[PDB]
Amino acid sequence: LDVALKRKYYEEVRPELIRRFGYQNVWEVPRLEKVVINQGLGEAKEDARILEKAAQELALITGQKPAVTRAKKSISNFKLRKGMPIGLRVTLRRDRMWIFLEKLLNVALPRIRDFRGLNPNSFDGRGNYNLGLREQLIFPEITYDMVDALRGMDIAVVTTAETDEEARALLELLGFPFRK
């Protein structure tokens, strides 16, 4: 399972984190835990062929089956208000996560005109990074293009770091193209 971004973590990223913060044992060094990708529908468009087009492209770029999230309790009862399926969700762990981040950061994000870098301030206060991408994402597989149809998918990079400063060191050194 020779993955490019994984290889970089143990080879480069891990040894330098143990320097910046000097961790006692190798198991306290922050790691990547999961990547949750959420492509919402926002009820702005209801066509059924939307959920299925998104469900299938999201599955190719992630290599995993998306789960259909749904509206729990009801809302405004006029007639045309709450559907049922409200978006797609996939949780990437292990190898599929290393492969998705390598394609996202190194081939998809760069092949975008309107891109200067990621906002280094989008950290949740507990070591996790939150991103929102409403552009076209070009992947080796297919092209994720629901720019006009749906809004932006919500990516959450959840790590084992305890603080944001250690979360971005991991991410900075990992490859994430920020602006700081």
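Heads up: residue numbers just count along the shown sequence, starting at 1.
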{"query": "153 to 161 set against 15 to 23, stretch whose average Cα temperature factor tops the other in the entry", "finding": "15 to 23"}
{"query": "Higher-B stretch (mean Cα B-factor, as the entry records it), 67 to 75 or 90 to 98", "finding": "67 to 75"}
{"query": "Residue of maximum C-alpha B factor among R31, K53, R113, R126, per deposited coordinates", "finding": "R113"}
{"query": "Third of the chain's Cα B-factor distribution that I37 belongs to, per the entry", "finding": "lowest"}
{"query": "CA B-factor placement of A59, once the chain's modelled residues are sorted into thirds", "finding": "lowest"}
